C-alpha cells in the first residue's frame, strides 16, 4: 500500500528558500524511497521514524535550487522484503516559484456566480510565457495549459472551470518550455464564489 507525500510548508518554493518533503504511512515502514523525476533524477532511501502510530521520513531542502525541482513520489519498504516496495504515493511536483513577473488572473463572466454558470479563469501577461499553471487553494495538483498565441501584446491561457459548483481561491503562474518546474511569481489570488 502507498504512503503519503507532503511538502512543508508547501510544494511551491521560492528560489533558495527551504522546503521539507515528508513521507508518512500509518503502516510501519522501516524505510522510504523518495524518487524524483526531473532535471536531476534521483532516488533517496530515507529511514522511517516512528511517531506514535505513524511512520514518517523527511527529506529536507535548505536552499531550493533547480536541481531539486521535479516530480516526487514516495515508496515504503521493509527489510524482510528487500527487493519489493509499496505502491507509489501520489506524485508531488516541487516547483520553484517567484522567478518571473506575476501574471494576471481574471474570471468570466465574473468571480461571483450562481451554481451552474460556466466560469472560465484567464491567466495573462505581457511576458511571453509558454505555459500557465492554475492553482486552487487546498487542492493538490495544479492544472496547466499552453499560452495562447500572442494576441498582440498579451499571452494568455483560459482555464474552463465548467459549471460552477464550489468556490475556491485561485492563483496562477507562467512558465517556459525549457523549464517546467520553474514558475513566475503567483498572480494575485482570485476568490470565486458560487451560490
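Positions refer to the first chain, counted from 1.
Higher average CA B factor: 142-150, of the stretches 33-41 and 142-150.
For the pair 5-13 and 20-28, the mean B factor over Cα atoms is greater in 20-28. Remark: of 130, 158, 52, 67, 52 shows the highest value [criterion: C-alpha B-factor in the PDB entry]. The top Cα temperature factor in the record, among 94, 121, 74, 85, falls on 85. In the PDB entry, residue 81 places in the highest third of its chain by CA B-factor. Among all modelled residues in this chain, the alpha-carbon of residue 89 has a temperature factor (C-alpha) in the lowest third. In the PDB entry, residue 46 places in the lowest third of its chain by CA B-factor. Per the PDB record, residue ranking by Cα B-factor puts residue 135 in the lowest third of the chain.
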